[PDB]
Structure formats: structure tokens, C-alpha cells
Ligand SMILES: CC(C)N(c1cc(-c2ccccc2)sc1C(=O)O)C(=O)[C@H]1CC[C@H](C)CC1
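Encoded as C-alpha cells, the following chain is the form deposited without the named molecule, with no partner shown.
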């Protein structure tokens, strides 16, 4: 069937949408070439609608069913609990979209009777009705990029009340099932250090290692009614309260399989018959469906000793090489299989023989040396987008601070240390907002983070070596430098000079601030200070951090 049907009605915004990078006093110190940076708006949605709207054909063979059977066998070992209204409300982001029924995110959060009562009736209606499609809102995301222009991505989501109900029935399942089903292949269990560790070990466990990433063209669109039914049958294998079983089935038929699409003004835009991007099961459903399809496609393509790493729709395979010709013909069969299962590629997959040339989760492996000169691997990426978005966040307050997300996830990198840390700590010092808790996203989940805990966070996710890393690869250095020339970002010798200031200013303040200066900026000085384990680092509660993915799942820890 068709992924989408359109009435002709326009996808509308809520407020005004800026496409031009906003400029303030701090902007120029980070980025000169302001015309290179832009944010997508709802005005480019018409182009996105064309792209993601196609007919899907699915041809399921024996490999497909075998893998599914294996997945169900493990899923049936899981016991998941029904969450209470209260517990589910505590999981709602403070900046989450208001309900059409008179209450908002903060009303839900502090458990007002108006919020709690409507959630109960939405739940009750879920138990009684397993057929009536549920209203969803379609919006256009505002994402910032650098020109190379991309049309906006679409977000489809049900009303707040339903989102809380999703959490009640499905929060435990989506948090626990994927690891049990997919084992070490499930990538959202991994912190950066563990992921690097796992990619490298996997690369080393192969006599002649070959690797490739598989980019599906618009994954959400390729997902069929079948895939959503299949993913529900997986959920139903769990030991579940009879109320959870009813709700899950109901949400599958009424929400996850499809439904009408309503713009922010209240007009009907059309109908969806594919994956909604703003439901709780978006991440887990895509991960299960991607894993199922790929594993089966490995059997069809007869890939020798393949280890898979899956994060939602992001997929990387590492296996034994049969030589460049056989690898090329293997990947075609893989691609044909995936295409038959309704997961065609965007770019054709290419086999890589160097681990560092492989991109997965927008990240590639690279190597540096620590204080002992001892080789250490870390994940990095092209810094073009993270810097473009930092530039935007230098001039505009945002609900999600991507700069912090990038520092947390890319702390060991050259560009996050010298540019991102230096720039933003400079900003926080001038405002005296070091103690101020900030919101960011890790694996789709929203986190309130105090910047002064960054040293303790980095020690736990990357290890101490992250504060010492030096002698970066020529290839990494070339990419970082090429980005700054393109963007008009000051050279890295200017950033070092600025870092000396930021460090001293932090040290002069003592307490947790001096701790930040000591660890985060030890690189900037020739006369190096010794970096021992942090006194109160093991105090921070880092549970929930790397259990599951929750992209568009409206989650807050």
C-alpha cells in the first residue's frame, strides 16, 4: 500500500520559523560564514512529502520467518510491568507538547487532577475499543544544517494523554525487550567507550575483516502494516498483565499501524500507513524490524561470520571478507533481500576494509594516544553539523542543547574539546550560569544536566584518557581543519589561547569549577597537571543512561 495519502491541506507551523542563523555578540567568535548555516521550516514540507510517499511491496521468505521465530523465543523470556499513571507522568518532558484537552506538560508532571483524570479515560477507552484510529498531529521539524539544502523532516505524534498511556503499557517492554532479543547486537545498551570497545573487538575477531553500513532510504516510510503487526506479536510474547496486552493490541491497531494526520491548525492532511516517528515504540520497533530484516538478509547473502550492530534504523555489519569482488556481489544480494523485505537503500552500500572509514550512528572510529603514549580508540564524526548547531544555540535558547549532547558523546574528540568546550564554558562564565541545569538528549531521551558534572560524566563514559588524548590522526585533523575553513571558524591555535583564559577563570573560582578547569582544559597548557580519578565521580547516578533508545518517544529521565 501507499506510505501516505495527502488531502492537499498544508503542514502548518505553531510559531514563526527562522531559516536564517540568528546573530548576536558571540556569533562571530565561533563562525564567520553565516550564510552557510540554515534551519529547515514547514515551508519545505511539500518536498519531504514527495520523497517519503511511495508504494511498498513485501516478499517474506523462509529466512525472514526463521529469524522472527528466534526473536520470539527470547522475547517470551521477558516479563514487563504495567506502569502507574504517576510513574508515566514523571517520565514526561517539561517541554512536551500540550494536550488538545485543556492540560499541558507541567500539569502532567506535577500530577494535577485534570491531567490524571483524562489519562484514565484515554486508558479506559483503549481497553474497550480496538478499532477506532487515534488522532495524530503532523509537524515539520526545525533542524539546523550546513549547505553542501535539505527539506524538513516530518514528526507524527498522538495527543499527550495517549503518550502517557503508551508509557503505562509499553515503557518496560521497550526498555528491556531489545537487549534480550538482540543481545550484543542492540547498540543502545552501549556507552561510547563500550561501543568503541565492541566495534574494535568485533573488527579484530575477523581473520579478514570487511564492514559496511546500510542506509535505508527513509526507514519510517518503508515500514509496512505487516512489520508493525509482526513487532506487536513480538511484544505479546512477553509475560504481561492482561491490561497491558489489551492496551498494546489497541495501540497497534489504532495508532502504530496507521491513522489520520492533522496539521497544527486542525485540518486533515491525509492518512498514514507506515511508522509514526513520534510514538514510544519508534526506536524499539525500528530496531527490531531492522535487525530482523538484516539478519535474514545476511543468511540470504551468505555472509561469513557477520556481527551486527543496530540502533533503530542505523545498521552496521562486520564480517569475513571473500575478496573485493565477492564482497561486492554479496552486498548486492543483501541489498536485493533488504529491498524485497521493503527496506531499499539510499546510497548503495559499499564494502570498507578500514574500520575508520565506516560510519555508523553518524560516528566513525579513530585513534589517538594518551599520557603514556598508549594507543586509545574513540568515536568521532565530521564536526560540520554539530558546529552549525552550536552557532544557532549561541544566538538562540533551544529546548534541547545539542552542544552539550555533542560534548557528552564526543568528549575525546579534537573538535569537541578545543572548540565546543572552550566556547560554551566561556559563555557560561560570562553569564554566571555554571550551576544552571541544562536539557539535552542521549539516545532520544531528555536529560537535565548540570555542566559542572561534565568531568565526572566523561570519566564514566570514556575513561580518564579522554582528558589526556593527543597526537590525533592526520585524517581526523584534515577533516576538522577543512570544516573550520568552510565555516569560518577561528583556527585551533586561537581556541587554545581562549582555553587558557577559560581554564584560569574556572580555577580561580575553586570548587567544582576548578575541577572543570583541571580536567576539561588540561590540554591547553604546556605545564601539565596530573589527572587522577575524581573524588566524587562515582556518586552520579548513571542508570537509565544506556539501556534503550527513545527517539521521538517523549521520554525524560
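Residue numbers count along the first chain shown, from 1.
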Per the record, the count of deposited residues between residue 148 and residue 149 that have no coordinates is 4 to 9
Once average C-alpha B-factors are taken from the entry for 33-41 and 524-532, the winner is 524-532
Mean Cα B-factor check, 448-456 vs 279-287, entry values; winner is 448-456
From 312, 348, 405, 258, the top C-alpha temperature factor is at 348
Reading the B-factor column for Cα atoms of 484, 223, 248, 165, the highest value belongs to 484
So, residue 217's CA B-factor, relative to its chain, sits in which third? The highest
On the chain's distribution of Cα B-factors, residue 67 falls within the third called lowest
Residue 23: CA temperature factor from the record, placed by chain third, in the lowest
Temperature factor at the Cα of residue 504, chain-ranked in thirds, falls in the middle
Binned into thirds over the chain's modelled residues, the C-alpha B-factor of residue 436 lands in the middle
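Beyond what is shown, the protein has a form deposited with the named molecule bound; the following relates to that form.
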In contact with the named molecule in the deposited complex (heavy atoms, 4.5 Å), from 90-98, 330-338, 409-417, 163-171, is stretch 409-417
Answer yes if any heavy atom of residue 472 is within 4.5 Å of a heavy atom of the named molecule in the deposited complex; otherwise answer no. yes
Next on the checklist: My question is simply whether residue 531 lines the interface with the named molecule in the deposited complex - judged by any non-hydrogen atom within 4.5 Å.
Outcome noted: no
Would residue 477 count as a contact of the named molecule in the deposited complex, using a 4.5 angstroms cut-off between non-hydrogen atoms?
-> yes
Point to revise | Distance check, residue 492 to the named molecule in the deposited complex, heavy atom within 4.5 Å | key: yes
